[PDB]
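K.L.:
Chains from the complex, first installment, not repositioned:
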Amino acid sequence: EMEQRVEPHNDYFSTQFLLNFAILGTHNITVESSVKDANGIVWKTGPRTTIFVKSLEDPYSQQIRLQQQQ
């Protein structure tokens, strides 16, 4: 759960998030775009864009993890 209040300067904004995926598998992430006006009122207007992230393991790391577990 992450939140960043970015300010558009030429009717365009850009920010960068850092998402951690420790659990291997398909991770459905969603992003919202709330708009705060000049008066400070929050307007939930933006699209709820979703992309799916797969957490694939390194073969060397997988072998090391299985050797350490067994």
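P.N.:
Structure received. Numbering: from 1, shown residues only, chains lettered A, B, ... in the order given.
K.L.:
From residue A:51, how far out is the nearest residue to residue A:54 once chain neighbours are set aside?
P.N.:
Nearest residue to residue A:54, sequence neighbours excluded (C-beta to C-beta, 6 or more residues apart in numbering): residue A:26, at 5.5 Å. Any C-beta I mention is one placed from the backbone N, CA and C, and that applies to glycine too. Distance, residue A:26 to residue A:51, using C-beta to C-beta, to the nearest Å: 11 Å.
K.L.:
Could you measure from the residue nearest to residue A:54 over to residue A:59?
P.N.:
Taking C-beta to C-beta, one finds residue A:26 at 19 Å from residue A:59.
K.L.:
next one: residue A:30
P.N.:
Counting by C-beta to C-beta, the gap from residue A:30 to residue A:59 is 31 Å.
K.L.:
for residue A:51, same thing?
P.N.:
Residue A:51 is 25 Å from residue A:59, by C-beta to C-beta.
K.L.:
Now do the helices in chain A.
P.N.:
Along chain A, counting by DSSP state H, helices occupy A:59-69.
K.L.:
So which residues of it form strands?
P.N.:
A:26-31, A:34-36, A:42-44, A:49-54 (DSSP state E).
K.L.:
now for chain B:
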Amino acid sequence: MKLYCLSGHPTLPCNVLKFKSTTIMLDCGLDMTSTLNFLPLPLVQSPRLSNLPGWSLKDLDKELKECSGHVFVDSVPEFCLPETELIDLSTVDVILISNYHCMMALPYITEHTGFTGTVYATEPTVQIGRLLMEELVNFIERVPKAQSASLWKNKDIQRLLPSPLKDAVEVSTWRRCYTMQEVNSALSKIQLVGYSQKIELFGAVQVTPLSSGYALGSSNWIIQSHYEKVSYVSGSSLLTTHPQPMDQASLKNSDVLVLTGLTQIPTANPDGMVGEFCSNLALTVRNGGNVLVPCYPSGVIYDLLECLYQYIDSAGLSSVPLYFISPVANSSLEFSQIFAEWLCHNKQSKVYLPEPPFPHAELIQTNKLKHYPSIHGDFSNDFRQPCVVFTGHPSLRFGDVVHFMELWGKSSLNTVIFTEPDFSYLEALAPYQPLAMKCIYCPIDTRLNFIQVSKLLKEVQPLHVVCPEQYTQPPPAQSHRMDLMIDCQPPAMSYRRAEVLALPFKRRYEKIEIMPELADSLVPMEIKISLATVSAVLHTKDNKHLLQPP
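P.N.:
With chain B now in place:
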């Protein structure tokens, strides 16, 4: 005559010897075991240490954080000073310093206490302890935490605290780490001396430093005032170490022998512990793990680097990088190279040839051992995953070892190997305790054990023996081994912290010099022996007496 005991630590002593008309402080020892009760100082704000649960007392939760059942103070690590209020430190004239390990807390005496005397130590002790003071001040002042926690140092509250924090002694005397200008001012008033050099103190006593064999530059002291001698035997080694061997002959016929700095955990063969260290290092790096060696930049690290140099070619571990991260790492290596005159005859025969005395210098030119001032600079670009890192402070409370344990403690392949016996191994691991890392405890203390000191006391035969109370008792880990104590024909003299010992070894017969003008005027009358009646005027100058004819 009198002997004040400002420190209760056996291997970190601070004894003030009130001897004739001169007051001598024998070493000053900063007890860094007090830092174990504090939460470690990391290089970066680690998530695990930051949100540790607080510990509550029903009577402080921000001051105390509990990790795995052990309660740790969340302030800067404070240091247990020698007790500086039993004897006024403006009355002491000379501080004799044996080891660089026993030169810590010198900024505390030389600055805060009004001490205006002079300090004597050898060249390598001063230089190496300067490096160690520099990295200590740097480690405290890299990421400065505050001294927020003060309520736990109360007599009403520390009784209620659990056992690791309740058993801490003289907590009100603990102080923050001294700064760098205090280091410079303390080391500016040291008069440099060499082995077997006579130093006259106001014409009354004569002090010489004698080679001890523990560390390079480390020295035992004998204090002679005419026909009485006090031998101070600090941390000394009888094993084949790199520095000059122990000078046992000059300690003979001494009236009182003050000895400190014996072996902690004496039931350990240092050669066997070197073998265990090399075997565990090879086993870890052969499995793809990581070896972390919390060590001082100087001392036992030279010996284990020599043995690892002899071991890597035999074990085939030439592809395993050895990293030595310390702010004084390069200075430590160069200082070890140039102090060849303070080494044993095997090492200083190497510099008669155009050759470095220590074999770890060849590791740099072969790029087997790489040293860096810090993690951040270029070690982060020259880092290979299966590696051995010698770094940090062995107390595990500050330095780069904290970051490395926070990095590597989540894997069972990585190991930490302990070679310094100064700090409690369990209390060192306690604030990191939920770790999958394998911890190997193989201390390589090369100081005098109890059979060695029994042989030494049989060889020297001092009239009286002064030792800490811990040497008369068996160690509490054993508490039954009668061979792990000092035994002499006189049953020694034990002392604790803030105890004053009265030595009844004071004698008559102060030496005098008679000029030949009076010598002719005295008729050697026959008695059988001879007798003569002398009438002269006594002249005293610089505590030396002369007889003049009237």
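K.L.:
Residue 53: neighbour count?
P.N.:
Because you didn't say which chain, this covers chain A. Look at residue A:53: counted by other C-beta atoms under 10 Å in any protein chain shown, it has 11 neighbours.
K.L.:
could you do chain B instead?
P.N.:
Neighbours of residue B:53 (other C-beta under 10 Å): 9.
K.L.:
is it true that it touches residue B:62?
P.N.:
No. Contact criterion C-beta atoms under 8 Å: residue B:53 and residue B:62 do not qualify, at 11.9 Å.
K.L.:
contacting residues for residue 54?
P.N.:
In the absence of a named chain, chain A is used. A:25-27 (C-beta atoms under 8 Å, 6 or more residues apart in numbering or on different chains).
K.L.:
that's the other chain; I wanted chain B
P.N.:
B:61-62, B:64-66.
K.L.:
redo that, cut-off 6 Å
P.N.:
Shown in contact with residue B:54 (C-beta atoms under 6 Å, 6 or more residues apart in numbering or on different chains): B:61, B:65.
K.L.:
Residue B:500 now?
P.N.:
Per C-beta under 6 Å, 6+ apart, neighbours of residue B:500: residue B:4.
K.L.:
Further, place chain C onto the existing structure:
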Amino acid sequence: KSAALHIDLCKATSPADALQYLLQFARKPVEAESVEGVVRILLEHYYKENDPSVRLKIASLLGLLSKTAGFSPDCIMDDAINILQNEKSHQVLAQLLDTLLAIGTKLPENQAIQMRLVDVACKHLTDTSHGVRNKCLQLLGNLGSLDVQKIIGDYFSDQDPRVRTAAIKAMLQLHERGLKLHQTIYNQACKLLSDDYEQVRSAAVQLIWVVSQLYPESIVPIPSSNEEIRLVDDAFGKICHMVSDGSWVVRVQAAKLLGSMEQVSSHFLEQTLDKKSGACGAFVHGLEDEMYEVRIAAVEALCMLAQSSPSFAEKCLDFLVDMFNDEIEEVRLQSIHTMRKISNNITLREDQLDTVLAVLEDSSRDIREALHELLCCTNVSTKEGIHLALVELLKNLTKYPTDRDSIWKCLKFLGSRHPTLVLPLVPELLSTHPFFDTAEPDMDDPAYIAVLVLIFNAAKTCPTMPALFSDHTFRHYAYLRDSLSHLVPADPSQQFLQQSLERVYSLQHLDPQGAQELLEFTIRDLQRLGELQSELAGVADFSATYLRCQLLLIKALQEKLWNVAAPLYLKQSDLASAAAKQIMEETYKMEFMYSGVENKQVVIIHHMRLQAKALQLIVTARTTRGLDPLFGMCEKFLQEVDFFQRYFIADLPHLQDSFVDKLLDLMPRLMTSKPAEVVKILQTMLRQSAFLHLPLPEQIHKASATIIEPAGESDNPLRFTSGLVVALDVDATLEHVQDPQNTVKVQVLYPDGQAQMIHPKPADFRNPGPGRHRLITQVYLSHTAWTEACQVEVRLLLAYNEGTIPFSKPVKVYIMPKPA
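P.N.:
To build on what is shown above, here is chain C added in:
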């Protein structure tokens, strides 16, 4: 707990644990009446114990308790001298004399007790121990009889060197306290100057310098001759001989004291720099000593003596030239600085000049700058030497272009002070053909400005030939006068701010829309005034933030939520909840980012904070259905109001008709009122509260912070191994920060939720000026592996006693943790 001390000392044990208990007791402060009680108890317990170490600890603790602040020690001296009357241990006696010295130092006014203490010291000076004699000499030196000089002079010849040092330092303390010394002191210290001990020799040479300064014109005979020598000259010779001592700190002391003997005759001054009585070659020996501290001290001695004697500077000149090339950089910095200091009227000939110009080529910027100010302050004849200086400066400019401002300053000072010599050189510098029309030289070429700065400053004081200039040189003269005018030579706003503030204050009877319009107009005017008058910017945005607080309060009090009932209230279109938080943030910003605040402003700031807290209380009470949480923070708010009336009770009668005094009128009703009625009366009483006035500070500035070393304009990532650390250097220009040591904090914000806050040490808060601070920390960054170099957010913060607020411009740095 004095009786507890009595019970514990006399009840547990006599020999050993009593010492431990005294040691434990010595580490806590004692109140003055309790100081008297514990002094009586410890002095009663002094006679009981026969152990000398316990009595020594007792004496030390008496000396410590005598140094307490509020305790007058006049009532305990008699018992102290009584226990000195029958004390046999010498260490305990020395500690007791230390206690008596503390007693005497704490009471300088009482002459009778000082005479009693010096009588005790004179009685105990015949003690066999050296420590007792040392403490008695210290006692005589600290108190004296300002007889004492004769006794201390007798004790100059004691057998123990420590007692000799104690006597010399005691009589030096006597001189320093104000007492005028005799003259036989000079003979005694001259005899003692050849002592076999380092400390005795250093103290003796200090005493020799003091007695020389006291009687410089006194005439003393030579012991081996009939001729007579002045006292200052003889002592100068003795200290010059001590310059050649075997101890380096004694040499440093001798050089430093030699610098302060300005009354020495000229003859010995030319003697001390010669190479062929005892003063001959002292400075020559001191300038070539192995220890660089001795060389530095001899350099300052040369500087002081050449400033005193103008004829000495010519002899100082060549030695300074020779010692410019010195193996230690601090030594050559000092030599160049003192050469600049003593270059008042002496001229440089050819070899000294081109040695200076040869050492101009050095790679160190510090000695280049120092030598630049020397060339600024130098005087030189033989204008070909000036041409050589210009050539060497120009090739230094070519080799080091960063020093162009300093080189231009050099050429300005060379032209301004050597005008006639530059004048024949002008056709050689400006490439002026006698008949050819020369091409216009390239402006903004730093060699050509350097030539022109030399030429124009030469033309200022000499109007004899300014017609040698061509047309383009006159155009360049105009250009440099427009651009480099510091080198080349030839309150309506306050009234408006007061008027706008009183316009706001005097129109507080309008409709809410008109009040909002007036506040918006005045906030805009104050912001633009801050953008125009730089020295009023701080007070402008201070008052602007106050009027913004009032505007937010007015807009929150005129919301649509007051016209609806509590169940019909909806927070998804709320405005007042954000308004109260904004007023809180602005009040904290007002209190802590402004340097010139005082109590007379802090009270209005806290009043606005109280109004914001009340507004937030009513806003939260709108959305609460339960009765007990509303009652809880209503009681908390009334507790805050009680804390405010307790803290600010002095200036309560200045806040007429405000929020807090109208609260104080209804306060007994307010404790006994139901909390919903409390909320209702607060809502109806904020709207009727009168707007306060700001007392304008005389000097007030914003605390400003900008960081320049991260320099968030480069897209190149800062790569490092995952899990390892990367170091980031910052350079903050803190302006008008009252206590940057404990308030300015560095915040690093990673792209995830991590917001690590770094507390800089006080060691690197550099202070290069009044109100200016520099922050140079190496912050440390680490995270695990990233699939792409994201960012990191570096921000300065201001912390106050409970929260932190943004302080500087947000700056982004690129970070790329690569896998191992």
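K.L.:
ok chain C is loaded, check the contacts of residue B:54 again?
P.N.:
By C-beta under 6 Å, 6+ apart, residue B:54 lies in contact with B:61, B:65.
K.L.:
now swap in residue B:138 and tell me
P.N.:
residue B:327.
K.L.:
which parts of stretch B:49-60 are buried?
P.N.:
Residues of stretch B:49-60 classed as buried under the neighbour-count rule (16 or more other C-beta atoms under 10 Å in any protein chain shown) are B:49, B:52, B:55, B:60.
K.L.:
Residue C:368 - how many residues pack around it?
P.N.:
If we define neighbours as other C-beta under 10 Å, then residue C:368 has 20 of them.
K.L.:
Also the one 3 residues further on?
P.N.:
The number of residues packed around residue C:371, counting by other C-beta under 10 Å, is 27.
K.L.:
Just the buried positions in the host helix or strand of it, please.
P.N.:
Per DSSP states H and E, residue C:371 falls inside helix C:365-376. Using 16+ other C-beta under 10 Å as the test for burial, helix C:365-376 gives C:367-368, C:370-376.
K.L.:
Against which helices or strands is it packed?
P.N.:
helix C:329-341, helix C:404-417 (3 or more C-beta pairs under 6 Å, 6 or more residues apart in numbering or on different chains; DSSP states H and E).
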